[PDB]
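Next up is one chain by itself, shown in structure tokens, the form deposited in one PDB entry.
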């Protein structure tokens, strides 16, 4: 019997278009009048952050601020613009204004509340995770918020999923995990959770077999849970 539904944050909640627009604005403010195409800076920032997040997957927690600040130091020395001492603050200010939930998020979270334990699991630090939820107005829609900083390890390490389950007071077999990255269908299945992969654009077909179910819209989750029960 499914008693809890956990969501991968921010990946299944924040729209890719809002993320891209928000981050483009971050780099525009970082650069100002500097003769560097902000989109090029962003592309290279994404290359470096993607590599970093890949290297730390499953490993002991390390602060994301230090990671991103070192990335921006490498980009500043590479391109010659002034290193943004306020990069973290710029990011928070731009996520508040330009962060955008997928259209169905609130509906889905509301439909699960009461019926099931609605949880969030994220590799973000706790402060960042709370600021993210606060900016998008959905902090109180979750019964639990579990972070890598609390567990001590990044996904797909089992401990972050184990902690989420213990917060909810449910067994792995009683929980679903809805995940964006094909870190998700892995650490959660190690705890006996049912793994749902969110693939909105159908661009992850190579990794579908790693998940128990594949959805393109979070509104499909409630249907899957109801069918399981």
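Residue numbers count along the first chain shown, from 1. Each form is matched to the other, and the largest set of C-alpha atoms that superpose within 1.5 Å is called the rigid core.
What comes next is about the form deposited in another entry, which is not displayed.
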Open item on the list: After superposing on the rigid core, which residue out of 59, 39, 166, 200 has its C-alpha displaced by 2 Å or more between this form and the one not shown?
Closed with: 39
Task: Core-aligned C-alpha movement of residue 90 between this form and the one not shown reaching 2 Å - done: yes
Open item on the list: How about residue 137 - superposed on the rigid core, does its CA move between this form and the one not shown by 2 Å or more?
Closed with: no
Task: residue 81 C-alpha moves between this form and the one not shown by 2 Å or more, core aligned - done: yes
